[PDB]
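J.:
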Amino acid sequence: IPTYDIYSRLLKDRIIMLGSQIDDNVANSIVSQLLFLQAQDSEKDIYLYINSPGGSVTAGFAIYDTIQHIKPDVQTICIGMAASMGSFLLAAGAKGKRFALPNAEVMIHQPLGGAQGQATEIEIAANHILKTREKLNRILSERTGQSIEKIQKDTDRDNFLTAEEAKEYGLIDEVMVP
Amino acid sequence: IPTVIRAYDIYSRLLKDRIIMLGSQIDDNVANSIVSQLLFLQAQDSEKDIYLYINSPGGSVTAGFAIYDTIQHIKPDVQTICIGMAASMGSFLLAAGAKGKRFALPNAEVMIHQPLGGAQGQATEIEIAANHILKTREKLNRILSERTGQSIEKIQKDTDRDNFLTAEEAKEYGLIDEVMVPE
Amino acid sequence: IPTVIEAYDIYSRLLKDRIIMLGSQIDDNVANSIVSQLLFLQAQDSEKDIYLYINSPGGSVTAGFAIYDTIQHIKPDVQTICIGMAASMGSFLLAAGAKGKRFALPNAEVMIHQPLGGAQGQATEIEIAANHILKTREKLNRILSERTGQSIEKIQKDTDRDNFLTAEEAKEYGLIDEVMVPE
Amino acid sequence: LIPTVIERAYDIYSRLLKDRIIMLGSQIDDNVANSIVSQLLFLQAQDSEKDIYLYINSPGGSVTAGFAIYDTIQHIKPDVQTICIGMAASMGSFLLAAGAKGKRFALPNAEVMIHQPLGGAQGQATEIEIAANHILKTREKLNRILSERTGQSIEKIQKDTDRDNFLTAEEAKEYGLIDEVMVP
Amino acid sequence: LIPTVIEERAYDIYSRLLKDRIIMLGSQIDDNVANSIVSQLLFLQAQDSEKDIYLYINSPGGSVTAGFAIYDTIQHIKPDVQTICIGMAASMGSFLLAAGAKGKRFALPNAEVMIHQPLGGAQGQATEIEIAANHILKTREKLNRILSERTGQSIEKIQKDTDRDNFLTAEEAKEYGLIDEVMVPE
Amino acid sequence: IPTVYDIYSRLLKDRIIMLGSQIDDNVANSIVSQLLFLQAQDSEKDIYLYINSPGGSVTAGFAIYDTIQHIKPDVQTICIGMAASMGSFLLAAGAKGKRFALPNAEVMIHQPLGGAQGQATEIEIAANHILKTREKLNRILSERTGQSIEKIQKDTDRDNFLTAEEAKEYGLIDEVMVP
Amino acid sequence: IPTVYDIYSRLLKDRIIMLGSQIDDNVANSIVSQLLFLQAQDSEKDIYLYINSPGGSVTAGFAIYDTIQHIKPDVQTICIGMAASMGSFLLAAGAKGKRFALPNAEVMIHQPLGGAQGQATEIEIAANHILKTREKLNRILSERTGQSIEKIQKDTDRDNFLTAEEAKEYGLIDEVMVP
Amino acid sequence: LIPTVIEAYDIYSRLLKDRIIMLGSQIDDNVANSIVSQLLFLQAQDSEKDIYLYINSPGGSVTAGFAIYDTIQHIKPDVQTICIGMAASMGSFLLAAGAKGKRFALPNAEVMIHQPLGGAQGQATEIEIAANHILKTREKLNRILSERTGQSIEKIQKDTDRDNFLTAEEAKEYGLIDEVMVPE
Amino acid sequence: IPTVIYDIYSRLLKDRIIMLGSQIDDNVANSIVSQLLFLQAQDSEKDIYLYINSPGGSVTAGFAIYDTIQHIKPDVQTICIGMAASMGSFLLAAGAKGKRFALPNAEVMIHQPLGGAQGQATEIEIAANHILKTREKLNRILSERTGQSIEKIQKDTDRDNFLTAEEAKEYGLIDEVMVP
Ligand SMILES: O=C1[C@H](Cc2ccc(O)cc2)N2C(=O)CCN(C(=O)NCc3ccccc3)[C@H]2CN1Cc1cccc2ccccc12
Ligand SMILES: O=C1[C@H](Cc2ccc(O)cc2)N2C(=O)CCN(C(=O)NCc3ccccc3)[C@H]2CN1Cc1cccc2ccccc12
Ligand SMILES: O=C1[C@H](Cc2ccc(O)cc2)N2C(=O)CCN(C(=O)NCc3ccccc3)[C@H]2CN1Cc1cccc2ccccc12
Ligand SMILES: O=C1[C@H](Cc2ccc(O)cc2)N2C(=O)CCN(C(=O)NCc3ccccc3)[C@H]2CN1Cc1cccc2ccccc12
Ligand SMILES: O=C1[C@H](Cc2ccc(O)cc2)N2C(=O)CCN(C(=O)NCc3ccccc3)[C@H]2CN1Cc1cccc2ccccc12
Ligand SMILES: O=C1[C@H](Cc2ccc(O)cc2)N2C(=O)CCN(C(=O)NCc3ccccc3)[C@H]2CN1Cc1cccc2ccccc12
Ligand SMILES: O=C1[C@H](Cc2ccc(O)cc2)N2C(=O)CCN(C(=O)NCc3ccccc3)[C@H]2CN1Cc1cccc2ccccc12
Ligand SMILES: O=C1[C@H](Cc2ccc(O)cc2)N2C(=O)CCN(C(=O)NCc3ccccc3)[C@H]2CN1Cc1cccc2ccccc12
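Residue numbers (PDB author numbering), protein chains in the order written: chain F, 4 to 6, 18 to 192; chain L, 4 to 8, 16 to 193; chain E, 4 to 9, 17 to 193; chain M, 3 to 9, 16 to 192; chain D, 3 to 9, 15 to 193; chain N, 4 to 7, 18 to 192; chain S, 4 to 7, 18 to 192; chain C, 3 to 9, 17 to 193; chain B, 4 to 8, 18 to 192.
1. Report buried or exposed for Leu25 (chain C), applying the criterion of at least 16 other Cβ atoms within 10 angstroms of its Cβ.
2. Short of 7 Å in beta carbon distance, which residues of its chain neighbour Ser56 (chain D), apart from the five on each side in sequence? Order them along the chain.
3. Determine the closest residue to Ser161 (chain S) out of S:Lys145, S:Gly184, S:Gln35, S:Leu144, with distance taken between C-alpha atoms.
4. With a 10 Å radius around its C-beta and 16 neighbouring C-beta atoms as the bar for buried, classify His83 (chain B) as buried or exposed.
5. Which residue from D:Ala133, D:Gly68, D:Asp79, D:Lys181 puts its Cα closest to that of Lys111 (chain D)?
6. Residues of chain S with CB closer than 9 Å to the CB of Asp170 (chain C), please, in chain order.
7. Tell me, to the nearest whole angstrom, how far the beta carbon of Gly74 (chain L) is from that of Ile29 (chain L); I am working on the premise that it is less than 8 Å.
8. Kindly list, in the order they appear in chain N, the residues whose Cβ is closer than 8 Å to that of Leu144 (chain M).
9. Give the DSSP-derived three-state secondary structure of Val191 (chain F) in the structure shown.
10. Using only CA atoms, which one of D:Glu119, D:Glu135, D:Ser46, D:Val7 lies nearest to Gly100 (chain D)?
11. Could I get the ranges of all uninterrupted alpha helix (DSSP H) runs contained in the region 148–185 of chain S, with 4 residues as the minimum, in chain order?
12. Can you tell me which residues form a DSSP beta bridge with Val71 (chain S)?
13. With distance defined between alpha-carbon atoms, name the residue in C:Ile60, C:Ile138, C:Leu126 nearest to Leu150 (chain C).
14. Taking only beta carbons into account, state which residues of the region 23–46 of chain L come closer than 8 Å to chain M, listed in chain order.
15. Suppose contacts are defined by Cβ-Cβ distances below 7 Å. Is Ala105 (chain S) in contact with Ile64 (chain S) by that definition?
16. Quick check: what's the CA-CA separation for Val40 (chain L) versus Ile20 (chain S)?
17. Considering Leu62 (chain N), what are the terminal residues of the alpha helix (DSSP H) in which it resides?
18. From which residue to which residue does the alpha helix (DSSP H) around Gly100 (chain E) run?
19. Comparing C-alpha positions only, which one of D:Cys92, D:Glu179, D:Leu175 sits nearest to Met121 (chain D)?
20. Applying the criterion that 16 or more other CB atoms from any shown protein chain within 10 Å of the CB defines a buried residue, is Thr90 (chain F) buried or exposed?
Quick look at the structure:
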């Protein structure tokens, strides 16, 4: 990573890079960067670059809730791929300031998890992941304008969208053309 | 495994006298063998009792149901005798013996609990797995209610966690009919 | 982890503004760091609030109690804010924040359950281990009863298995004081 | 590895079983218990009156597997003599003490060891409590039977099994775990 | 990461605590940990031979000889070493808790203190096993003698009470004489 | 293993038992069974125990030892290749006057090996047990060889390799079987 | 392994023993049992020991060596493929005038291999033992070949590969069996 | 993990400024290279002032230990040795190598002496070379320990045949140290 | 590794001391070559001190060090502390004539080179020829540096040969034992 390291130099210009799988460590870093940028200037836009295969739903919600909490608009820009919780965060950007570059890929699908143990433990785990899916679908319905029923059907299996299809779907506002 | 002299391994010699030994974890291989032995003994004599010895920590519920349904299907009464331990699907099979012919030896342990499983993948796959294991538990509890005389509500409460019973407690519960006391 | 130049890593820059990030499993290393940060912040300013951000699946009960006791020891109020998830010892620390200054963001998850452990060895060693984890559970439940206003009997029932709460449910329960709603 | 004797062809252990000798010569697990239980039931069916000889050279093993053997011994009509050769430890020493009264033996250099049961528990506090209560009840059951078989008090057996307790054959006789040392 | 504080000098958080005469024993005790703690004690004595030192203990214990390197350094130096148990002090960790300056051994209210006999092992010839057994029994006698001196309990009572794992609350550790005070929050 | 009976079963028909491996419970159970079987076939005729063994379990070895002393037939012992540790103990356990080695056979004597792990009091129990086991081995070897317990203790402190002729001088065997 | 008897059992009926593997205690126990069985069947008729072996355990090899010298029948040795290390020692141990190799068989001689770990005094005991073992091997090989102990010591310092004709010249065999 | 002191030194570098060298690990070539470098540096800074070598070590490499030993004897400053925790094997050899009258142990420190350990694999003549080398190494160690302690080589040979654990007071009686540093 | 106000090894290098205290591999040789070239550039006349505590290692890495020592203008003193074995003892013998030392309890070991080869007969032949030529090269240079004949070096290195510091001096591998 060249030398500020290159990411620290971008952060000085209010650019945050989400460029990996989303886990608690990545979420903690991005939340810290968002809070720091709000403290530096509560009015100026923040730019969140997304190239992510997704990851932890709770880690993703740490990022999502921090975006909605802070005063500055957070622009989202998909470069490469936004999949799963990565496409959820792309859709979470400020209304009118969600972008993808023309060859970027967006993928939506239902959450993944696991359950092991007694029948009643499996029931608790199943109910939890089903409630988590309902929560994701409700918010994605609000952010995209698509019905909960449509989001449920469209996320049953891996669903790959082009940048233009993601715009038609309401996950982004514009394809950033060169 | 010793041989007895025709030349039989000890288990084959017991099978000649209509004794079946369920002495391991229950998996498809064990169930296939026990089902085959039950069908063979019914063919050899459709009226004479069969004796099923149970020392098992349990295992596969579907493998256990292969044994359970074969017991109920065949004409001979199948006596069940718990020696050592009958746990989980093992205690279910103990309770499945012919009414009045379910036994435990005095220091045998019986344990009842809810079924165990696991699921990994998409939310909808986890939901299918959960619904399946919950329906399997309802099926087990309904049959155990019928075989013990306890309510489904009581069986559900009593199997929430591992529940260890003495032979005498298993008799009081209705899982067996008698403790076989030594002369 | 980026650097900010005024050179701080981003977490050190937050600590300058009295924000401590509990963003991983709780083990002795994490507890030693957070205890040291709390003692340092008290020394820097005994009056100004501290902000403990919690995104944690929990972890060691003794490590969690190192953090808990240090929070209660120091003079400044420690606000707690759940973002993402607070589970097990993480939800215990969330409930341990200054009265009126325990928060969750709207989509944060809170989970409560009984302590986990293990024991291997002689019967008497297993008895010692069991007695210790049962006493630990009684201590946790008594403190959660004090911090939530729920009865010990209700906390015992509600932590028997994994119990997932929304931010609004955690507020109704008394684990937090407010859901921090966005403008 | 195991030799054959021809009189019909028997492996050496099958030849001993023809003379009502059963070899408990390994760790006790469910497979070993199933075999020994089967041998005991077979020998009772062959002759309900004649003694059976159970040779014990075992480090012990599963308590429930051991109780499968113990209860089958007590159930059947023939007396089961027990003979410790080499070592009888843990559930092996329990089975040694379970032989017909007056017919429990050890050879002079055989080792007998008694100790409390071993196990494990993992999971939630309530699951650990269930496991602890179960192993403590199992220990009480073992100690009660050993008290009956030896003539020692339950309290003495509890103290004497707190840690590994090694006995010579003569000490095992003094304790009441065997009736006689078989001198050459 | 371990955070940095700037006061201008830049310190990792543990180095900042050391500047205020606080030493963190926050891991299993091995020779590396003991070398670090002994070095810190010698450094703090050289900086000020009169001012108290604060030894924080959150440790499951570890090496008895490494623990005795710390113990003897505490007794050797002129400053009082306060001990404070936070989280847990088990095995040689609880021994070091009891080793603090008389009247300045503390625990926070929910800290766990565990005492038990030393653990070890030996494999090889009968005479090698005999040497190993004699060594660990002599080590236990030495630990028990010092704990008797530090607590006021008899050696016979310490032997009985350490036969198996013995978990004490902070208040029980005070009653036992392993600490002087529970630091109750204001 | 060739057939004639497998070769070992054919030797057992002629009252020859082969102890040709490490001594563990399985080997001891087999040899004890063979000794009891041979006594039942003929209580008067000698048995021949061939020993080529590096030793092994002391309790397994004592299962064999006590069965030899219990039965009525004399058990001749013949060391071929090596008798080490509990193997040399069993060589010395043969009928007096009928313990042999072939000329190039190796005999090794040493103290018992073991291990101990856990609490100080558990290590003390393990140490006391292995020391008592060594006292028992040395007492019996003193009786079988005519050497003092003090001499056996000194001579087994470390691995002590003996030729067949040295084993005869020591009293572990009666004769070297010369061609 | 085909049946005719398995093929090896059929050869044993004609007094042929196959040493066709590494020499360990199991192989030695089997070969010793076969030698004793053949002596019992007929004390006068020759035995034929086929050797294709990379060698192995010296003590296991001495179990075979001493049994060969003990029994009454002559044991012919025939090297086919390879006789190395303790395998070449057993080839040289056959009845005088009845040690053979086939023309392309390889014979290798070298000093014994081993190991020692532990205290200096334990390493000293292990070193003394393997040096005494080498002296014993070299003394017997000197007797069986007619070469001096000094020459055998020099010639076994490193791996020394011999053709069948060189093994004859050396005195390890009596004849190359020409087709 | 290792704290910093700012006047910026890690804690060990700060002690080295006051002529203290901390040996708290197994002795290997890396540890020996560092301690040799520290001794040479301290001699260059001041050839007259004492150096203080703290030892808490289970020992390790004999040749690495001799790198330290010979450097101690070579340099002009006296090297005081102080055993804290344990000095075993080559660690106890280095403790005994300190300046005469300036070898110390704290009261609960342990000293252990024993013969050197090693291994050999291969041909008989390779095993002979390895055996002769470790026996000569033991003779070298025992001769120097005889000179440093005042005990005979015969006594050191007997006393190191197996692991021999000494208290601080016993190490003083033996001549491995000069004084037990008792607390004020 | 402590700091002085430099890490301890960097502080020694300031006084023209190079520490060869590990197995010799390409990384170690690259560092020591770089240090020798740097010290020559700082002062072409002042001695350099090479401390050797090494079990040896790569022959080609050892020759990188050997040739750099002979190339540069400053005398390179060699001092054996602890042990110099195999390529380590070769480098000890490579120091400036009259400036090769060992401390009294240092161990010196000489032996033939080690290697291996797997594959076709002709590949094994190439590997064997290469290691035999490497041995001839080492023995020729050791003959030049010690004054012993190639025949004596060949015999004396057939197996591991351990020398005391005094024996290493008698052999010609060092000039003096540095007595305290
Ligand atoms: O709840 C607080 C309030 C929020 C706030 C911020 C600014 C205001 O004007 C009013 C309320 N809070 C503070 O009251 C002070 C400390 N803090 C800051 O945000 N401080 C500014 C800061 C400067 C440099 C780096 C990071 C933050 C914050 C810290 N926190 C907790 C907190 C901690 C960590 C992450 C958070 C993400 C979203 C919301 C709250 C977070
Ligand atoms: O459905 C049949 C019928 C059942 C039957 C049995 C007895 C009767 O009187 C009438 C119907 N069936 C056959 O009709 C003929 C073959 N068969 C037997 O049970 N045959 C006798 C037999 C002899 C020896 C060994 C085992 C079985 C059986 C085989 N099967 C299929 C079958 C196959 C395998 C296991 C089964 C377990 C329970 C029920 C049927 C099983
Ligand atoms: O018990 C003491 C007292 C507590 C104290 C603090 C402030 C007071 O006004 C009165 C008592 N103690 C001291 O008496 C002095 C050293 N110390 C400090 O807290 N020093 C201030 C400091 C400066 C820079 C970083 C961290 C702490 C503390 C250090 N400690 C031990 C201690 C050590 C480590 C963690 C602790 C957590 C909670 C309570 C005590 C801890
Ligand atoms: O409960 C019975 C009765 C017991 C019995 C035995 C003899 C009697 O005179 C009366 C009752 N039972 C039977 O009624 C008949 C089949 N059986 C036998 O023991 N059969 C004789 C047999 C012949 C050949 C080998 C083994 C046993 C037995 C089989 N069983 C179940 C049984 C099955 C397996 C192990 C057992 C161990 C202890 C007690 C019962 C066991
Ligand atoms: O104690 C008995 C007595 C001993 C006995 C033998 C012969 C006598 O004339 C008197 C006592 N015992 C029996 O009383 C009868 C069963 N048994 C035999 O040895 N039976 C003869 C036999 C025939 C075929 C194979 C093996 C043994 C034996 C079996 N046992 C137990 C026993 C079991 C297994 C191994 C033993 C080794 C030594 C001593 C006793 C052993
Ligand atoms: O010492 C004996 C004597 C030797 C003997 C053989 C023949 C004689 O005419 C005289 C002495 N011995 C016996 O006295 C009788 C049992 N035995 C035999 O060799 N029996 C004949 C036999 C028949 C079938 C298979 C194998 C051997 C042998 C068994 N042995 C012990 C023995 C056991 C095993 C291997 C041996 C190898 C070499 C020498 C003795 C061995
Ligand atoms: O042989 C010399 C001489 C020894 C010497 C030292 C002081 C004197 O007054 C006379 C001779 N030698 C030098 O002649 C100069 C370089 N050197 C030094 O010791 N230099 C001082 C120094 C300054 C800063 C860090 C370390 C050393 C040393 C370096 N060396 C080689 C050497 C190198 C490495 C470790 C050694 C350990 C013991 C003895 C010699 C060692
Ligand atoms: O061949 C040269 C010449 C050699 C030279 C040195 C001094 C002279 O007066 C003349 C020729 N050479 C240069 O011509 C210039 C670059 N160089 C240096 O040695 N530069 C000095 C230097 C300064 C700081 C660090 C290291 C070296 C060197 C670099 N090199 C190539 C080189 C590169 C790397 C290692 C070498 C080891 C031995 C010989 C040459 C090596």
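Note that beta-carbon positions come from the ideal geometry of N, C-alpha and C, so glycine has one too.
T.: Result, derived from the coordinates:
1. Residue mapping note: residue 25 (chain C) aligns to position 16 of the eighth sequence, counting from 1. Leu25 (chain C) is buried by the Cβ-count criterion.
2. Translated into positions along the fifth sequence, residue 56 (chain D) becomes position 49. So the qualifying residues of the chain are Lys85, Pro86.
3. Working through the seventh sequence from its first residue, we reach residue 161 (chain S) at position 148. The option with the nearest alpha carbon to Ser161 (chain S) is S:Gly184.
4. Numbered from 1 along the ninth sequence, position 71 holds the residue referred to as residue 83 (chain B). Its Cβ having fewer than 16 others within 10 Å, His83 (chain B) is exposed.
5. If you number the fifth sequence from 1, residue 111 (chain D) lands on position 104. Residue D:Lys181 is the option with its Cα nearest to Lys111 (chain D).
6. As a working mapping, residue 170 (chain C) is identified with position 161 in the eighth sequence. Simply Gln132, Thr134.
7. Along the second sequence, one-based indexing puts residue 74 (chain L) at 64. Along the second sequence, one-based indexing puts residue 29 (chain L) at 19. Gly74 (chain L) to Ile29 (chain L), Cβ: 20 Å. No contact.
8. For this step, residue 144 (chain M) is matched to residue 136 along the fourth sequence. Within 8 Å Cβ-Cβ: nothing; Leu144 (chain M) doesn't reach chain N, min ~20 Å.
9. For the purposes of this step, residue 191 (chain F) is taken as the residue at position 177 of the first sequence. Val191 (chain F) falls in the coil class under three-state DSSP.
10. Within the fifth sequence, numbered from 1, the residue matching residue 100 (chain D) stands at position 93. Per the C-alpha coordinates, the member of D:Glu119, D:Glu135, D:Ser46, D:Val7 positioned closest to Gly100 (chain D) is D:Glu119.
11. 162–168, 177–183
12. Looking up residue 71 (chain S) in the seventh sequence gives position 58. DSSP output for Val71 (chain S) lists no bridge partner at all.
13. For the purposes of this step, residue 150 (chain C) is taken as residue 141 along the eighth sequence, with counting starting at 1. Ranking the options by Cα distance to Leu150 (chain C), first place goes to C:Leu126.
14. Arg23, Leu24, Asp27, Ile29, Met31, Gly33, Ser34
15. As a position in the seventh sequence, residue 105 (chain S) is number 92, starting the count at 1. As a position in the seventh sequence, residue 64 (chain S) is number 51, starting the count at 1. The answer is no: Cβ separation not under 7 Å.
16. Here the question's residue 40 (chain L) lines up with position 30 in the second sequence. Here the question's residue 20 (chain S) lines up with position 7 in the seventh sequence. Rounded to the nearest angstrom, the two C-alpha atoms are 38 Å apart.
17. As a position in the sixth sequence, residue 62 (chain N) is number 49, starting the count at 1. From DSSP, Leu62 (chain N) is part of no alpha helix (DSSP H) but of the beta strand (DSSP E) over 60–66.
18. As a position in the third sequence, residue 100 (chain E) is number 90, starting the count at 1. 99–105 is the span of the alpha helix (DSSP H), which, as asked, contains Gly100 (chain E).
19. To locate residue 121 (chain D), count along the fifth sequence from 1; it is residue 114. For the residues D:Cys92, D:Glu179, D:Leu175, the minimum Cα distance to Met121 (chain D) belongs to D:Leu175.
20. On the first sequence, position 76 is the one that residue 90 (chain F) refers to. Counting Cβ neighbours within 10 Å, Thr90 (chain F) comes out buried, since at least 16 surround it.
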